[PDB]
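Written out below as structure tokens is the structure these notes cover.
For clarity, chains are labelled A, B, C, D, E and F in written order, and residue numbers in each chain start from 1.
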């Protein structure tokens, strides 16, 4: 009994582009970096410290 | 409202700075040219300053007496990012000699460095502190680190200073004359550094071989790991979380006495892309891995000694109840025991921002990460080994002329040795029960 | 000065550069094409020759003032037939740029957008509609005598015997205008705001980025297995999928190999590296040549 | 053998002046002999020569 | 920019330098006419180290050819790459040395050395920031061993702080071509020990052995030995001229190599070396390179290091490669060969990495070692010296120029003291 | 395309028989392909520069990166196509030395002009077609 075809014999990789699920969420190199969404520590009322009138008080 | 000034001196300092700044740029979405593509408000002021037209100048300075690496920085992919006049380059290398970089050649470059530091700091009026990077076992790096620490300690005074210093490995090393300038630099930095962090290379080699399954890692991977560590430490200053901690709350929960300011750092998880999917990555198990001694980035075995302070920072989607459960398990296990006069020494921080994976890197995408900084009495073993090396070297006065001939007197070795012996005494003395 | 030999050349080149710099600094109404139209009034008989006094008067009328030494040097260089008269045509043939490729692409696409019929020519009246609608939102479609009224936006060009505006003179006039405007960015800004068209290539792949990518892929193969190996490891994928056994790689095949070996490059960067690797331009890479480049190359 | 010994035409020279693009013979006078190349034999080198 | 200047003298010095310049010109892609024809920009960024700029974009080497007889320079000017050296860098006399140290160091050298001193001073003040000097010469010849070392003394007096290396091809007694060899050898080594920052010992028998038994080449010439010497000489300064993971200049190598001022006599080696017929059958890897590194069969000196203990050693790697395997290989070879390493200097190996390999190879290794086994040639030379000197054979030629037996006496004293301290610093223990 | 090139002499890579500089047909397109003609006689080599090269004349072939002349000998070699000799690069100049440096100092001769004769070995002939 012939072992079906030689192509039926197992190969380490196959013509499936995404051969293993391992590499489908990996970061693709030349992609532009993505700006983070609305996630950083609240800082809005402290601007009246870089307001230049803060110093020279008298 | 917060800015931190990063200093990179020595070839190791510059190589680490390149990697960490690349990670920072990727984190904040800047292109290599330093331009923002047209895409909730930034808060990248910590690392970059906006010129007014789109360009973002990093808040860093590079110092070296050997112009090769700085020339490569000015030639590589980041030419348009760095400000050209904040990359200071010398003429001749110190050639692994501490006295050359501390007494003869660095004098004509420290003035320019101070001028540029002042010019960078005048912009920062909510400045948090200074971070410094240097290889201890390198001549110019060590000498300029000592000189800059001495000058800044009197120029600014109370500003917090953290030094992520690269000590030579105990059993392996590159040079042969590293003990001399190693102890010289340690003596210099003892009273000039608020926080010191160990960065030996063989332990991170071990981490890479065991976890990342890389048989021949190079310095690039090491720098990437260090960059991930520093990003995890700093993310609290630029990303909201349940518990926020600043660099000001480090000398209060990590420095019981001013003499003891050397802390060792861990990181977790260290998982490759091929490894991430078959792991659930529980917070409890990553914490268990972090406290495992072989997961240390320093060849210091904490189960040799006591624990004084323990500060851990989480980033991702962790939950405080699981945090407390993991801490309870850590306290329950008997292989880890703290010092008698510290009932509670745990300082926990939480941040919402998950770590970002770098293209061309090797770490995988994860949803939870922990960075670790601890005080252990077992750290004295590396100092004892350096003492043994220095005794073996100084017994027959080898290499001594190479330090005598350029202006530093012979008596520095004796005082440095006495100081390090005093540190060894302090480390044991802080380890006896009342 | 001391124009003995190529002193002539170095002394006329500076005059070229200062003329260019003066026009660029003016940056406004003054256009180089105005010189061509202003010389014919002094030409009288269109012989192509003008004396030194008339040349000086014409230059002073434009507003480009020069020293007496300069005038003698220009006379010496551009008096080709040595009759003592400078050839203004020969002068204007110089000091004219051939134009940047980016500006050429922009002007060609601008012309093609109008010339939908692709006949290569354009009716002068057609340009007027765009030139006016870009400037006003309430101009409304039909004017009473719109042809003559809005022909003032046009006729800075010239028309052939048929009367259609030719692509060559279109690009020539914009080239002549782009002499005071020596900015790629600001020139593109003017053109795009004037024509109401916003398109351009984002960027071209740069050599240092190419070097970074090749260094990354060059280092990645080292990490696997042992030092002597990675050659057999690279050969083994080629054996796995090279069915015809011819020995030729392709773009998609190289993309697959990179995807197998944990390297997801952009399509554009992959095309850039492919083009850099191949000089035959056949879109095929010899496997042994690729191996030799990636593995055995002293230069980065 | 058949691929080695194929036919070929040498380009003619006008006024005996060599110009780029012609196909010419190179001959060592001291051997009184013409140079040829053996592609099938491979030199000992990583690059193919 | 931290450039170095080259001075060579004598027949052997000229022969070594001629091929060193051809090799460096080939690596930098400079044609014999002096016009750059490289491929990448890395070849031009640091070209100022060895070459000075001229009109037309051409470059000239900063080398000085110094001698008493114009025969050797006369022959070398007519060969390939003879047009690079500018004609003002040739200096020579009209008499010749006669293989006499006395005539080459007291009579003709003294009167001739003014011009060569003037030209070297001119070039040294010309260079931006001088880094150091390299010399290549022979200890068995007259003109070299005398006038070159007198130049060494004068330039050391003039520039005390600069680094100075010498490549001395000290001849062997197995097959020597000169009978007055030990005399001028001892005089040269005595004069050189107090002035040379580094010493680079070269032996002809070692080169013959390597080229015959490793290259398997049946009929080599002096050209081949010159090429090995040139490759070794270029290897030390590779990371100085080109980028790398670990930069290590000449001063760094010195400070990491010499523990004591008077122990600055080193032996070197190059790797890998293979026959053409075995290239396909050898896999070039770090273990193979480090195994070929420390083989006493590979050294360029007649001294066997297995008879002594390595005081210090250094490693110059060329070619892209990670540092892990280098680190554990160094540690492994130190652990399994602890008996051959002197104990009180643990981890006495320096390592440096440069990412630009030699053209035609992917990886390369330059080894320089300071070991106590080097004293064997000192004792053998001293024994030959005393064996002739007891009879005062050939001393009339030396005494004909005012020299007396005293200088011989303290030269023997200096050699005895050196061979004496090389024993104390091989027997000293913690 | 395949180009005729040479690379500097190395003990690692020396000729199988001649042991001298190699000549090789390779895929390299670098500077090694740079080949230049030279007119035969010693007296007029310099002044013949810039003059048209005419076929059928005795010429010299020299490499640019090495300034070495290509030549052949009665050196035996075996391949498929019968028994054949060797082609390589080498300077077959006459052995006697001449005082070029001292002539330089006096000012009688300048470097670009040659002074050493080369033997008949180095000659090469370009052959065109007989009929159009």
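Keep in mind that, in the parts below, a residue touches a chain if its C-beta (ideal position, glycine included) is under 8 Å from a C-beta of that chain, and two chains touch if they have at least 3 such contacts.
By chain, with names taken from UniProt: B = Tubulin alpha chain; C = EF-hand pair protein; E = Tubulin beta chain.
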Item to check | Farthest chain relative to chain C (centres taken as mean CA coordinates) | outcome: E
Next on the checklist: Of the pairs B-C and D-F, which shows more C-beta pairs in contact?
Outcome noted: D-F
Checklist outcome for this item: dist(centroid_CA(chain D), centroid_CA(chain E)) in Å evaluates to 46
Item to check | Whole-Å gap separating chain A and chain D, where each centre is the average of the chain's CA atoms | outcome: 57
Checklist entry - Where the centres are mean C-alpha positions, what is the separation of chain A from chain C, in Å? => result 37
Checklist entry - In whole angstrom, how far does the Cα centroid of chain A sit from the Cα centroid of chain B? => result 26
Checklist outcome for this item: chain D touches at least 2 other chains through residues 44-48
Checklist entry - Using the touch rule from the top of the page, what residues of chain C touch 2 or more other chains? => result 216, 219, 222-223, 226-227, 262, 296
Checklist outcome for this item: Shared-interface residues of chain B (touching two or more other chains) are 75, 215-218, 273, 360
Item to check | Which chain pairs touch, all of them | outcome: A-B, A-C, B-C, B-E, C-D, C-E, D-E, D-F, E-F
Checklist outcome for this item: In their shared complex, chain C is touched by residues of chain D numbered 46-48
Item to check | Complex contact set, residues of chain B against chain A | outcome: 1, 25-26, 28-31, 37, 39-43, 125-126, 236-241, 244, 273-274, 277, 352-353, 357-361, 365
Checklist entry - For chain F, which residues are in contact with chain D within the complex? => result 2, 13, 22, 24-28, 52-56, 58, 71-72, 74, 79-81, 84-85, 87, 120-129, 131-132
Checklist entry - Can you name the residues of chain F that touch chain E in the complex? => result 7-14, 19, 30-31, 34, 64-68, 91, 93, 97-102, 104-105, 111, 115-116
Checklist entry - Can you list the residues on chain B that touch chain C in the complex? => result 75-77, 79, 214-218, 220, 273, 360
